Amino acid sequence: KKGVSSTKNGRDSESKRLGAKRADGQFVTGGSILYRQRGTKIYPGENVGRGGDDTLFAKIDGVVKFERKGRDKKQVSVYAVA
Amino acid sequence: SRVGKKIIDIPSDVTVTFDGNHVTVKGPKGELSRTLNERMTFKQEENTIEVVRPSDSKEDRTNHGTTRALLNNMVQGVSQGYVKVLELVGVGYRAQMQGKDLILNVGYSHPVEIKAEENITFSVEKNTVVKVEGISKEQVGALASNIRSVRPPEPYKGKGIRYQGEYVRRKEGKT
Amino acid sequence: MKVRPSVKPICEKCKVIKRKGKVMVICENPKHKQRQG
RNA sequence: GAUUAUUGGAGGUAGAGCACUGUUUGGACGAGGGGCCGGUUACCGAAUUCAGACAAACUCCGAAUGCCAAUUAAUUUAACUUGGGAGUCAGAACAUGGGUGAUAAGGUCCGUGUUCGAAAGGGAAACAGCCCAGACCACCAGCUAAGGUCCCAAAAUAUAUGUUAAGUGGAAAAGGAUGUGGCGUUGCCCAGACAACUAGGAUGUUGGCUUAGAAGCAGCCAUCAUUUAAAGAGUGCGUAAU
RNA sequence: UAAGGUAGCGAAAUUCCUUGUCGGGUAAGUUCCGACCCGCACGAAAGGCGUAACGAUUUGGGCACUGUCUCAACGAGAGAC
RNA sequence: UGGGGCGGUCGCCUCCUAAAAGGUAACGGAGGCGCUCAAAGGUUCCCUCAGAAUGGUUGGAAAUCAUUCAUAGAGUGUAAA
RNA sequence: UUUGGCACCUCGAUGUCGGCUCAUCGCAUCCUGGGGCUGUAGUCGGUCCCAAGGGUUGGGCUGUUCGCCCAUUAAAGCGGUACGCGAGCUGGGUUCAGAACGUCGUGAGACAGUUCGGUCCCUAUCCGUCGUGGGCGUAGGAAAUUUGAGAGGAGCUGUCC
């Protein structure tokens, strides 16, 4: 049609699929991922590596336990009982 | 819609007989029939009466008062005379009496004439004390209240048909 | 007095009476009682 | 594989809520500037409290519901892999959630459901998406659904109850009646409610301002007792004083 | 800047303000003629101004004339039937 | 591309829309990017808040310094989280 | 019944603003008509209501939509109907190809800023409307006159005495 003019703000980011990938009670692999985050919402505990981007992995295979960490924070405790 | 302080409706020597739904004013001066109502059962013990109010419905209690006040108008007018006194003035245009009639030189094409009524006494004392004696309010009270409107007192001069309790007003006479 | 939207009497000896059935008010306040919801 | 009882967990929605961030301080609060000579007081910057209100891009809090996974339990019947052959990319309307638009649009974009498309039949008068509901073929058999039961047209002019008077039923908003009941109060209230028939409803004295003189309207009242069954330095409609 | 339109013609096949201005003409002129220039975007060889004659040329006005028309009616015919 | 249309924009990152898992639109809302640190990196051993008032050479209150609380309100190389 | 927004129908065509001739419905009425009512004695002006039954000029000046004017009139209405009607009329206008001017564009060319000029087809099959006949029937047959179920038409005004 007629004059419609310059126009700017349609800018956003091709997203990323963050958060968790596995859950309570579930059994895992060695290089298995347990979470994709940024910062520390949760804190790796037992048998847990933390890669560069705050990604957490379990150092072993085994099953999980999320739990509190502090008085008000949270962590992981992988166990490979079998 | 506030009328019910008086609901007595007592007869007189004039006799309130019946003709069915009709009801007849008779006696010394009477022989005029008219229907009171249907549900409003009227009754006279010896010489006292009052409209029975069956159920006092909206319609029934309005008809109570109709029949009460209208039979009161009857025993007022057919017995005594529904007598209403009034006066008359007609000025410049030659509004002239004719006894039981009148003429106006309104002075149109044709000056135009006026007449009297029937069964109602137009008793003229001095050509401006006219008594209108009849039988009731609905029709002859309508006569008394329409003769005033026949040629009513026009304000800015004051000529027309007046009651004994009427007056003339004026107008902001600005063409 | 000088005319209004209406006339300007107010009195309330309000003869809200039917004349043989025609409802009206023989009164001085036509300003308040209308229909209503 | 599925459904659900049993789990266990993740998480920050709705809602709450000011605790941060902060949106509009009502109030004061004391000062600084300031009116003033460095001062007074105003008000503020601001902060002091008290104090509340608000939030898509505010959160100390925080659901339901859904997501993931469990000897998870039981009841179902799936489920997965491989590879062969395909069509689909303009979707539409309703409920619903949201945005945008004008708390416009049978709009427009996403989303959660459902139907059509690809699905007839019954109901909505007719009426692709609405309500009920899936047909293998017969059959002059029966039971029901949505909806319906005075005639066209099948079924109750059925019962029993009510409300309403408008043909509402079978035209909307605001505004405004009681027009009526009801439901509860109200102040009554049998002395006697509350409009009305009506009893008498008048003064030393408009006294002060008395405004065009004006002595209930184009206006301020010091607004003193009753003549007295009930009553006023005059309840009520005049815009000429009366 | 290299310089800024000179004559001139002007609200014009080109005026937005604009029917700018104002008569003449018509009873009445959104035009026409005339004149004022306030020239958006006026100017002289892809020329400026004025000219007799010329024109199946454009436009305004008038006279004649007349069924163009009020206001339509009759006849003749070809069609028609 | 709510007809083409002029305008614009076209590649990446943060948030909100987004509906408590994740994921998701709009010529829909707000903002950063087309790098930088040989020290802002690595590794041992210390420190620990701005800010606020408190307030006083300073004083445009405040700088510097000092008393006490401050939620990391400090701040962290590069927007927002 | 304005300017709009949405893009459903129609681009294997629903083909034109105006005006002409015809209409035809409304009312939120201009005239007439009635009433009431006022800062209306009637008029006045104005007002409110009832009112739609009817009626509602002719010229000049703009294709222009449009308005302005000159004279009348009782008024000189507002609307609706494919912005009522073009298989009934013209096309003035706009749009066609030419040409001119002004502006813009390097230019091709564009604008709209104007102007002159520039091609409007149809044997009516159905429904439908105006009329016209034919057929048949109306418990006996023929001629003439008839009632009318209903349907249609009719109603404007102003003036002198």
# chains A, B, ... in the order shown; residues from 1 in each chain; ligands from 1
call {"tool": "residues_around", "arguments": {"residues": "residue B:61", "least_positions_apart": "3", "cutoff": "12 Å", "atoms": "only C-alpha atoms (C1' of nucleotides)", "output": "short mmCIF file (atom, residue, chain, number, x, y, z; two decimals) with N, CA, C and O atoms, in the first residue's frame"}}
result
data_model
loop_
_atom_site.label_atom_id
_atom_site.label_comp_id
_atom_site.auth_asym_id
_atom_site.auth_seq_id
_atom_site.Cartn_x
_atom_site.Cartn_y
_atom_site.Cartn_z
N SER B 1 -54.52 9.00 43.85
CA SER B 1 -55.22 7.73 44.05
C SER B 1 -55.66 7.55 45.50
O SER B 1 -55.74 6.43 46.01
N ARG B 2 -55.92 8.67 46.15
CA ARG B 2 -56.24 8.77 47.56
C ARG B 2 -57.63 9.38 47.66
O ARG B 2 -57.81 10.59 47.49
N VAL B 3 -58.62 8.53 47.91
CA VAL B 3 -60.01 8.96 47.85
C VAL B 3 -60.87 8.37 48.96
O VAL B 3 -62.05 8.73 49.08
N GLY B 4 -60.31 7.49 49.79
CA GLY B 4 -61.12 6.64 50.63
C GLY B 4 -61.47 7.11 52.02
O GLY B 4 -61.80 6.27 52.87
N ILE B 7 -66.58 6.78 52.35
CA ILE B 7 -67.07 5.60 51.63
C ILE B 7 -68.48 5.25 52.08
O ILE B 7 -68.91 4.10 51.97
N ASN B 37 -72.14 -1.21 38.89
CA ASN B 37 -71.02 -2.09 38.57
C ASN B 37 -71.56 -3.51 38.49
O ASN B 37 -72.77 -3.73 38.49
N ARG B 39 -69.45 -6.49 40.23
CA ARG B 39 -69.10 -7.08 41.51
C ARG B 39 -69.52 -6.23 42.69
O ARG B 39 -69.75 -6.77 43.78
N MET B 40 -69.62 -4.92 42.51
CA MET B 40 -69.90 -4.01 43.61
C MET B 40 -71.37 -4.16 43.97
O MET B 40 -72.23 -3.46 43.43
N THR B 41 -71.65 -5.08 44.88
CA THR B 41 -73.01 -5.40 45.27
C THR B 41 -73.51 -4.34 46.23
O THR B 41 -73.01 -4.23 47.36
N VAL B 51 -71.37 0.84 49.61
CA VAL B 51 -70.93 -0.11 48.60
C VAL B 51 -70.14 -1.20 49.31
O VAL B 51 -69.12 -0.93 49.95
N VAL B 52 -70.63 -2.43 49.21
CA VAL B 52 -69.86 -3.58 49.65
C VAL B 52 -68.54 -3.59 48.90
O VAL B 52 -68.50 -3.30 47.70
N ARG B 53 -67.45 -3.90 49.60
CA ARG B 53 -66.13 -4.00 48.99
C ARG B 53 -65.71 -5.47 48.94
O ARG B 53 -64.97 -5.93 49.81
N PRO B 54 -66.17 -6.25 47.94
CA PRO B 54 -65.79 -7.66 47.88
C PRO B 54 -64.34 -7.85 47.46
O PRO B 54 -63.97 -7.57 46.32
N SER B 55 -63.52 -8.31 48.41
CA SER B 55 -62.11 -8.65 48.24
C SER B 55 -61.19 -7.44 48.13
O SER B 55 -59.97 -7.62 48.25
N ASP B 56 -61.72 -6.22 47.99
CA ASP B 56 -60.93 -4.99 47.86
C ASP B 56 -59.78 -5.16 46.87
O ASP B 56 -58.64 -4.75 47.13
N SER B 57 -60.07 -5.77 45.72
CA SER B 57 -59.09 -5.85 44.65
C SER B 57 -58.77 -4.45 44.14
O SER B 57 -59.38 -3.47 44.55
N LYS B 58 -57.79 -4.35 43.25
CA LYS B 58 -57.54 -3.06 42.62
C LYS B 58 -58.79 -2.58 41.89
O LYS B 58 -59.36 -1.52 42.22
N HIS B 64 -65.71 0.20 43.96
CA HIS B 64 -66.37 0.64 45.18
C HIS B 64 -66.50 2.15 45.20
O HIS B 64 -67.59 2.68 45.42
N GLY B 65 -65.40 2.84 44.97
CA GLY B 65 -65.44 4.28 45.03
C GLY B 65 -66.18 4.90 43.88
O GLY B 65 -66.84 5.93 44.06
N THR B 66 -66.11 4.29 42.68
CA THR B 66 -66.93 4.76 41.57
C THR B 66 -68.40 4.73 41.96
O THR B 66 -69.08 5.75 41.91
N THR B 67 -68.89 3.56 42.36
CA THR B 67 -70.31 3.42 42.65
C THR B 67 -70.71 4.28 43.84
O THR B 67 -71.77 4.90 43.83
N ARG B 68 -69.84 4.38 44.85
CA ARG B 68 -70.13 5.21 46.01
C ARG B 68 -70.27 6.67 45.62
O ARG B 68 -71.32 7.29 45.83
#
call {"tool": "closest_atom_pairs", "arguments": {"of": "chain C", "to": "chain D", "cutoff": "9 Å", "atoms": "only C-alpha atoms (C1' of nucleotides)", "output": "JSON lines"}}
result
{"residue": "C:1", "atom": "CA", "partner": "D:239", "partner_atom": "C1'", "distance": 5.3}
{"residue": "C:2", "atom": "CA", "partner": "D:239", "partner_atom": "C1'", "distance": 7.6}
{"residue": "C:8", "atom": "CA", "partner": "D:237", "partner_atom": "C1'", "distance": 8.6}
{"residue": "C:9", "atom": "CA", "partner": "D:237", "partner_atom": "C1'", "distance": 5.4}
{"residue": "C:10", "atom": "CA", "partner": "D:237", "partner_atom": "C1'", "distance": 6.5}
{"residue": "C:11", "atom": "CA", "partner": "D:237", "partner_atom": "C1'", "distance": 5.8}
{"residue": "C:12", "atom": "CA", "partner": "D:236", "partner_atom": "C1'", "distance": 8.4}
{"residue": "C:13", "atom": "CA", "partner": "D:195", "partner_atom": "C1'", "distance": 8.4}
{"residue": "C:14", "atom": "CA", "partner": "D:195", "partner_atom": "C1'", "distance": 8.4}
{"residue": "C:28", "atom": "CA", "partner": "D:237", "partner_atom": "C1'", "distance": 7.1}
{"residue": "C:32", "atom": "CA", "partner": "D:176", "partner_atom": "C1'", "distance": 7.9}
{"residue": "C:33", "atom": "CA", "partner": "D:177", "partner_atom": "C1'", "distance": 5.9}
{"residue": "C:34", "atom": "CA", "partner": "D:177", "partner_atom": "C1'", "distance": 5.3}
{"residue": "C:35", "atom": "CA", "partner": "D:177", "partner_atom": "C1'", "distance": 4.2}
{"residue": "C:36", "atom": "CA", "partner": "D:177", "partner_atom": "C1'", "distance": 4.5}
{"residue": "C:37", "atom": "CA", "partner": "D:176", "partner_atom": "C1'", "distance": 7.2}
call {"tool": "write_last_selection", "arguments": {"atoms": "C-alpha atoms", "output": "compact mmCIF listing (two decimals), in the first residue's frame"}}
result
# COMPACT_ATOMS: atom_id res chain seq x y z
CA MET C 1 -40.87 32.76 35.85
CA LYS C 2 -38.74 32.43 32.81
CA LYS C 8 -40.90 24.95 37.62
CA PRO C 9 -43.55 24.07 40.27
CA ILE C 10 -42.65 21.44 42.91
CA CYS C 11 -45.60 20.99 45.31
CA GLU C 12 -46.70 17.51 46.38
CA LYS C 13 -50.34 17.38 47.38
CA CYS C 14 -49.93 14.88 44.67
CA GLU C 28 -46.91 20.23 40.89
CA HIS C 32 -39.43 12.53 39.62
CA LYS C 33 -41.95 9.70 39.18
CA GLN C 34 -41.36 8.22 35.73
CA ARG C 35 -40.98 4.63 34.71
CA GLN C 36 -38.04 2.98 36.33
CA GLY C 37 -35.96 -0.14 36.11
call {"tool": "residues_around", "arguments": {"residues": "stretch 64-79 of chain G", "least_positions_apart": "6", "cutoff": "12 Å", "atoms": "only C-alpha atoms (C1' of nucleotides)", "output": "PyMOL selection string"}}
result
(chain E and resi 19+26-30) or (chain G and resi 1+17-18+25-32+55-58+92-94+156-158)
call {"tool": "residues_around", "arguments": {"residues": "stretch 17-24 of chain A", "least_positions_apart": "3", "cutoff": "8 Å", "atoms": "only C-alpha atoms (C1' of nucleotides)", "output": "MDAnalysis selection string"}}
result
(chainID A and resid 33:37 63:66) or (chainID D and resid 8:10 68:69) or (chainID F and resid 22)
call {"tool": "write_last_selection", "arguments": {"atoms": "N, CA and C atoms (P, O5', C5', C4', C3', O3' and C1' of nucleotides)", "output": "PDB file, in the first residue's frame"}}
result
ATOM      1  N   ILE A  33      24.726 -36.109  30.871  1.00  0.00           N
ATOM      2  CA  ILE A  33      24.361 -34.792  31.358  1.00  0.00           C
ATOM      3  C   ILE A  33      23.221 -34.927  32.351  1.00  0.00           C
ATOM      4  N   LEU A  34      23.175 -34.009  33.304  1.00  0.00           N
ATOM      5  CA  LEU A  34      22.130 -33.936  34.300  1.00  0.00           C
ATOM      6  C   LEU A  34      21.429 -32.593  34.307  1.00  0.00           C
ATOM      7  N   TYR A  35      22.023 -31.577  33.690  1.00  0.00           N
ATOM      8  CA  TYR A  35      21.485 -30.231  33.774  1.00  0.00           C
ATOM      9  C   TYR A  35      22.236 -29.322  32.823  1.00  0.00           C
ATOM     10  N   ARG A  36      21.510 -28.373  32.264  1.00  0.00           N
ATOM     11  CA  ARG A  36      22.050 -27.284  31.479  1.00  0.00           C
ATOM     12  C   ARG A  36      21.538 -26.012  32.131  1.00  0.00           C
ATOM     13  N   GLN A  37      22.450 -25.203  32.666  1.00  0.00           N
ATOM     14  CA  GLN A  37      22.080 -23.990  33.367  1.00  0.00           C
ATOM     15  C   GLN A  37      23.054 -22.888  33.014  1.00  0.00           C
ATOM     16  N   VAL A  63      22.616 -43.578  40.006  1.00  0.00           N
ATOM     17  CA  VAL A  63      21.355 -42.854  40.078  1.00  0.00           C
ATOM     18  C   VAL A  63      21.518 -41.587  40.901  1.00  0.00           C
ATOM     19  N   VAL A  64      20.500 -40.742  40.822  1.00  0.00           N
ATOM     20  CA  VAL A  64      20.582 -39.356  41.242  1.00  0.00           C
ATOM     21  C   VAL A  64      19.950 -39.198  42.609  1.00  0.00           C
ATOM     22  N   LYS A  65      20.281 -38.090  43.259  1.00  0.00           N
ATOM     23  CA  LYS A  65      19.477 -37.537  44.338  1.00  0.00           C
ATOM     24  C   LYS A  65      19.684 -36.037  44.342  1.00  0.00           C
ATOM     25  N   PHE A  66      18.673 -35.304  43.906  1.00  0.00           N
ATOM     26  CA  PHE A  66      18.612 -33.898  44.234  1.00  0.00           C
ATOM     27  C   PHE A  66      18.264 -33.765  45.698  1.00  0.00           C
TER      28      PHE A  66
ATOM     29  P     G D   8       6.182 -38.571  47.715  1.00  0.00           P
ATOM     30  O5'   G D   8       7.718 -38.526  48.121  1.00  0.00           O
ATOM     31  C5'   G D   8       8.642 -39.500  47.663  1.00  0.00           C
ATOM     32  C4'   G D   8       9.521 -38.961  46.581  1.00  0.00           C
ATOM     33  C3'   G D   8       9.390 -37.497  46.281  1.00  0.00           C
ATOM     34  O3'   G D   8       9.964 -36.657  47.255  1.00  0.00           O
ATOM     35  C1'   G D   8       9.557 -38.682  44.278  1.00  0.00           C
ATOM     36  P     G D   9       9.614 -35.095  47.225  1.00  0.00           P
ATOM     37  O5'   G D   9      10.302 -34.597  45.884  1.00  0.00           O
ATOM     38  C5'   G D   9      11.706 -34.646  45.784  1.00  0.00           C
ATOM     39  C4'   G D   9      12.194 -34.488  44.373  1.00  0.00           C
ATOM     40  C3'   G D   9      11.980 -33.130  43.767  1.00  0.00           C
ATOM     41  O3'   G D   9      12.892 -32.175  44.261  1.00  0.00           O
ATOM     42  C1'   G D   9      11.379 -34.752  42.203  1.00  0.00           C
ATOM     43  P     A D  10      12.463 -30.638  44.379  1.00  0.00           P
ATOM     44  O5'   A D  10      12.644 -30.114  42.900  1.00  0.00           O
ATOM     45  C5'   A D  10      13.867 -30.342  42.236  1.00  0.00           C
ATOM     46  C4'   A D  10      13.756 -30.038  40.777  1.00  0.00           C
ATOM     47  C3'   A D  10      13.223 -28.663  40.457  1.00  0.00           C
ATOM     48  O3'   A D  10      14.246 -27.695  40.504  1.00  0.00           O
ATOM     49  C1'   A D  10      12.122 -30.281  39.135  1.00  0.00           C
ATOM     50  P     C D  68       6.472 -36.118  30.089  1.00  0.00           P
ATOM     51  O5'   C D  68       7.644 -36.194  31.158  1.00  0.00           O
ATOM     52  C5'   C D  68       8.967 -35.847  30.793  1.00  0.00           C
ATOM     53  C4'   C D  68       9.956 -36.276  31.830  1.00  0.00           C
ATOM     54  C3'   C D  68       9.824 -37.705  32.274  1.00  0.00           C
ATOM     55  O3'   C D  68      10.417 -38.587  31.350  1.00  0.00           O
ATOM     56  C1'   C D  68      10.107 -36.337  34.148  1.00  0.00           C
ATOM     57  P     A D  69       9.953 -40.111  31.299  1.00  0.00           P
ATOM     58  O5'   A D  69      10.516 -40.704  32.652  1.00  0.00           O
ATOM     59  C5'   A D  69      11.907 -40.759  32.870  1.00  0.00           C
ATOM     60  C4'   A D  69      12.196 -41.064  34.305  1.00  0.00           C
ATOM     61  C3'   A D  69      11.651 -42.395  34.764  1.00  0.00           C
ATOM     62  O3'   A D  69      12.544 -43.448  34.476  1.00  0.00           O
ATOM     63  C1'   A D  69      11.021 -40.707  36.292  1.00  0.00           C
TER      64        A D  69
ATOM     65  P     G F  22       9.945 -24.230  31.850  1.00  0.00           P
ATOM     66  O5'   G F  22      10.562 -24.746  30.484  1.00  0.00           O
ATOM     67  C5'   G F  22      11.960 -24.893  30.351  1.00  0.00           C
ATOM     68  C4'   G F  22      12.296 -25.895  29.291  1.00  0.00           C
ATOM     69  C3'   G F  22      12.026 -25.441  27.876  1.00  0.00           C
ATOM     70  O3'   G F  22      13.098 -24.709  27.331  1.00  0.00           O
ATOM     71  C1'   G F  22      11.027 -27.530  28.213  1.00  0.00           C
TER      72        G F  22
END
call {"tool": "residues_around", "arguments": {"residues": "residue B:74", "least_positions_apart": "2", "cutoff": "12 Å", "atoms": "only C-alpha atoms (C1' of nucleotides)", "output": "JSON, numbers by chain"}}
result
{"B": [9, 10, 11, 12, 14, 15, 16, 23, 24, 25, 26, 29, 30, 31, 32, 33, 34, 35, 36, 66, 67, 68, 69, 70, 71, 72, 76, 77, 78, 79, 80, 81, 82, 134, 135, 136, 137, 138, 139, 140, 141]}
call {"tool": "select_by_dssp", "arguments": {"residues": "chain A", "states": "strand (DSSP E)", "output": "PDB file with C-alpha atoms, in the first residue's frame"}}
result
ATOM      1  CA  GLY A  19      17.279 -26.851  32.435  1.00  0.00           C
ATOM      2  CA  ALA A  20      17.311 -30.553  33.145  1.00  0.00           C
ATOM      3  CA  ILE A  33      24.361 -34.792  31.358  1.00  0.00           C
ATOM      4  CA  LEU A  34      22.130 -33.936  34.300  1.00  0.00           C
ATOM      5  CA  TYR A  35      21.485 -30.231  33.774  1.00  0.00           C
ATOM      6  CA  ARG A  36      22.050 -27.284  31.479  1.00  0.00           C
ATOM      7  CA  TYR A  43      25.352 -27.178  43.238  1.00  0.00           C
ATOM      8  CA  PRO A  44      27.169 -30.342  42.144  1.00  0.00           C
ATOM      9  CA  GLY A  45      27.781 -32.619  45.095  1.00  0.00           C
ATOM     10  CA  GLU A  46      28.726 -36.266  44.930  1.00  0.00           C
ATOM     11  CA  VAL A  48      29.540 -34.594  39.800  1.00  0.00           C
ATOM     12  CA  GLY A  49      31.646 -32.688  37.368  1.00  0.00           C
ATOM     13  CA  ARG A  50      30.848 -29.142  36.331  1.00  0.00           C
ATOM     14  CA  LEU A  56      26.775 -30.539  35.341  1.00  0.00           C
ATOM     15  CA  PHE A  57      27.578 -34.174  34.636  1.00  0.00           C
ATOM     16  CA  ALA A  58      27.836 -37.153  36.890  1.00  0.00           C
ATOM     17  CA  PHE A  66      18.612 -33.898  44.234  1.00  0.00           C
ATOM     18  CA  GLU A  67      18.317 -32.375  47.657  1.00  0.00           C
ATOM     19  CA  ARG A  68      18.849 -29.254  49.640  1.00  0.00           C
ATOM     20  CA  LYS A  74      20.078 -27.294  46.424  1.00  0.00           C
ATOM     21  CA  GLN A  75      22.503 -29.833  45.086  1.00  0.00           C
ATOM     22  CA  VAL A  76      22.927 -33.306  43.633  1.00  0.00           C
ATOM     23  CA  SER A  77      24.158 -36.557  45.143  1.00  0.00           C
TER      24      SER A  77
END
call {"tool": "residues_around", "arguments": {"residues": "residue E:6", "least_positions_apart": "6", "cutoff": "12 Å", "atoms": "only C-alpha atoms (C1' of nucleotides)", "output": "PDB file with N, CA, C and O atoms (P, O5', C5', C4', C3', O3' and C1' of nucleotides), in the first residue's frame"}}
result
ATOM      1  P     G E  43      10.858  31.627 -16.470  1.00  0.00           P
ATOM      2  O5'   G E  43      11.633  32.280 -17.696  1.00  0.00           O
ATOM      3  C5'   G E  43      11.054  32.309 -18.991  1.00  0.00           C
ATOM      4  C4'   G E  43      11.167  33.674 -19.607  1.00  0.00           C
ATOM      5  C3'   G E  43      12.574  34.200 -19.802  1.00  0.00           C
ATOM      6  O3'   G E  43      13.189  33.688 -20.970  1.00  0.00           O
ATOM      7  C1'   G E  43      11.269  35.857 -18.778  1.00  0.00           C
ATOM      8  P     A E  44      14.188  32.433 -20.880  1.00  0.00           P
ATOM      9  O5'   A E  44      15.066  32.568 -22.191  1.00  0.00           O
ATOM     10  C5'   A E  44      15.451  33.848 -22.645  1.00  0.00           C
ATOM     11  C4'   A E  44      14.490  34.365 -23.673  1.00  0.00           C
ATOM     12  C3'   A E  44      15.124  34.865 -24.956  1.00  0.00           C
ATOM     13  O3'   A E  44      15.400  33.818 -25.860  1.00  0.00           O
ATOM     14  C1'   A E  44      13.583  36.464 -24.169  1.00  0.00           C
ATOM     15  P     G E  48       8.803  32.346 -26.754  1.00  0.00           P
ATOM     16  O5'   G E  48       9.314  33.785 -26.289  1.00  0.00           O
ATOM     17  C5'   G E  48       9.404  34.125 -24.912  1.00  0.00           C
ATOM     18  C4'   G E  48       9.366  35.615 -24.707  1.00  0.00           C
ATOM     19  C3'   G E  48       8.156  36.329 -25.286  1.00  0.00           C
ATOM     20  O3'   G E  48       7.044  36.310 -24.417  1.00  0.00           O
ATOM     21  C1'   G E  48      10.102  37.417 -25.992  1.00  0.00           C
TER      22        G E  48
END
call {"tool": "atom_distance", "arguments": {"atom1": "atom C1' of residue D:62", "atom2": "atom CA of residue A:72"}}
result
16.1 Å
call {"tool": "atom_distance", "arguments": {"atom1": "atom CA of residue B:160", "atom2": "atom CA of residue B:133"}}
result
20.5 Å
call {"tool": "select_by_dssp", "arguments": {"residues": "stretch 71-113 of chain B", "states": "helix (DSSP H, G or I)", "output": "list in words"}}
result
residues 71, 72, 73, 74, 75, 76 and 77 of chain B
call {"tool": "write_last_selection", "arguments": {"atoms": "C-alpha atoms", "output": "PDB file, in the first residue's frame"}}
result
ATOM      1  CA  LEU B  71     -74.564   7.233  43.634  1.00  0.00           C
ATOM      2  CA  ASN B  72     -73.651  10.163  45.864  1.00  0.00           C
ATOM      3  CA  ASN B  73     -73.707  12.337  42.748  1.00  0.00           C
ATOM      4  CA  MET B  74     -77.098  10.813  41.922  1.00  0.00           C
ATOM      5  CA  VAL B  75     -78.741  11.297  45.334  1.00  0.00           C
ATOM      6  CA  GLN B  76     -77.188  14.778  45.182  1.00  0.00           C
ATOM      7  CA  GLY B  77     -78.423  15.808  41.756  1.00  0.00           C
TER       8      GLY B  77
END
call {"tool": "residues_around", "arguments": {"residues": "stretch 151-156 of chain B", "least_positions_apart": "5", "cutoff": "10 Å", "atoms": "only C-alpha atoms (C1' of nucleotides)", "output": "PyMOL selection string"}}
result
(chain B and resi 88-90+146+161-162+166-173) or (chain G and resi 41)
call {"tool": "write_last_selection", "arguments": {"atoms": "C-alpha atoms (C1' of nucleotides)", "output": "PDB file, in the first residue's frame"}}
result
ATOM      1  CA  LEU B  88     -70.544  35.159  31.413  1.00  0.00           C
ATOM      2  CA  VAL B  89     -68.784  37.975  29.545  1.00  0.00           C
ATOM      3  CA  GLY B  90     -68.328  38.652  25.834  1.00  0.00           C
ATOM      4  CA  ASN B 146     -67.133  22.327  29.898  1.00  0.00           C
ATOM      5  CA  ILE B 161     -67.402  31.922  30.560  1.00  0.00           C
ATOM      6  CA  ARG B 162     -66.477  32.013  34.259  1.00  0.00           C
ATOM      7  CA  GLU B 166     -62.944  31.940  38.727  1.00  0.00           C
ATOM      8  CA  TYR B 167     -60.789  34.883  37.627  1.00  0.00           C
ATOM      9  CA  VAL B 168     -58.998  36.462  34.658  1.00  0.00           C
ATOM     10  CA  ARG B 169     -55.217  36.511  34.210  1.00  0.00           C
ATOM     11  CA  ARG B 170     -53.037  38.341  31.635  1.00  0.00           C
ATOM     12  CA  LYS B 171     -50.247  37.661  29.130  1.00  0.00           C
ATOM     13  CA  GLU B 172     -46.935  39.220  28.107  1.00  0.00           C
ATOM     14  CA  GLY B 173     -48.717  40.972  25.274  1.00  0.00           C
TER      15      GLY B 173
ATOM     16  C1'   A G  41     -53.137  39.004  23.474  1.00  0.00           C
TER      17        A G  41
END
call {"tool": "closest_residue", "arguments": {"among": "E:45, E:3, E:65, E:40", "to": "residue E:18", "atoms": "only C-alpha atoms (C1' of nucleotides)"}}
result
E:40
